[PDB]
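Shown here is one chain on its own, the form deposited in one PDB entry, set out as structure tokens.
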């Protein structure tokens, strides 16, 4: 028989077991094929995938962050070109842009799932504070005014910080600035994807508006030293009135109720990100699946990728991971009438914006994580009083290095 190996990032509570439950229909129908998943944590995934593409010590298949697909596909001989091998008509068209290398008609990944970051809020905090979450989060200015009412609000003894967000030590550092830059009227690169432009007046206005929510005491500053995992868990413990998070947190908050009696899940709602002066824009992320060119079982691997794109496999993986399907027909399933999931779907569809799918973007994210986190060091005044001018200089320095990276293509 054929033993297909696959790498997956931690997309659900028990990643390997949950993947195996989703692929069981495939292996039942193909008893001569087995699937063996291996988990690779997000922090190491880019290094391990890059090394596997070069060395040939690689699985047949790997999950790849959507923002990294062009980086891997652009490596000569790294991935199987999938152009014309997958029926793209079943996919939500917008999810295909990250599967192609910008500037080419070459498809090197298959969209697997998508995700966006939405605004979670505590319903009990909002009522006690006189905040109507149906209208008071709709714009930047109403949002900031709501945070002032929410900051220091007491909810059953606990004093809550208005907004809680991470600041360091993972890939989300740039993701969490993204829609603030877009909403201000900026972008990270030019239309060609060849020149960094996030030091523009508009991009800086978004960076300034967001970072100075913390300077004004509305965003919890101790949390800016932490990563996404820490802040997701803190919100689940009732530490903040609001937070921007992906849909996967619904899984952990649900488990917290079922296992520990924590009913935070029943006290929260979700709404779209507030509208900025450019209009509403949201982060569009997700993951693709790729076949390594060193695979000795490419026919079987392609069969597995096609199964992962089937309606039922898309629905079942969404139920366990809370990620959004990339296949249109999956949204016909009754599961998608869930009020929370509908917000993420509506947001990504109407307003989701994905980074340019250029080969240098993966390298830029490494620079972003190190560089933009220094904005929070400025805000936290670990080395002198906050200065907007320091933030500007940080952004310009990061932009200069991003430019050198882009010019390697």
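Numbering follows the first chain given and starts at 1. Definition used throughout: the rigid core is the maximal C-alpha set that superposes within 1.5 Å between two forms.
According to the PDB record, 117 to 125 carries the higher mean C-alpha B-factor of the two stretches 117 to 125 and 203 to 211. Note on 375 to 383 vs 39 to 47: mean CA B-factor is higher in 375 to 383. Note on the listed residues 352, 65, 31, 360: the highest Cα temperature factor in the record is that of 31.
The top Cα temperature factor in the record, among 274, 279, 238, 285, falls on 238. The entry lists a Cα temperature factor for residue 256 that places it in the highest third of the chain's modelled residues. In the deposited entry, the Cα temperature factor of residue 87 places it in the highest third of its chain's modelled residues.
Sort the chain's modelled residues by C-alpha temperature factor and residue 403 lands in the lowest third, per the entry. Per-chain ranking of the deposited C-alpha B factor places residue 244 in the lowest third.
Annotation for residue 319: CA B-factor lies in the highest third of the chain's modelled residues.
Not on display, but discussed next: the form deposited in another entry.
Of the candidates 372, 343, 53, 358, the Cα that moves 2 angstroms or more after core superposition between the shown form and the other one belongs to 53 alone. Core-aligned CA deviation for residue 130 between the shown form and the other one: less than 2 Å. A movement of the C-alpha atom of residue 216 falling short of 2 angstroms is seen between the shown form and the other one when the two forms are aligned on their rigid core.
When two forms of a protein are overlaid on their rigid core, residues whose CA moves 2 Å or more are considered shifted, and residue 296 is one of them between the shown form and the other one.
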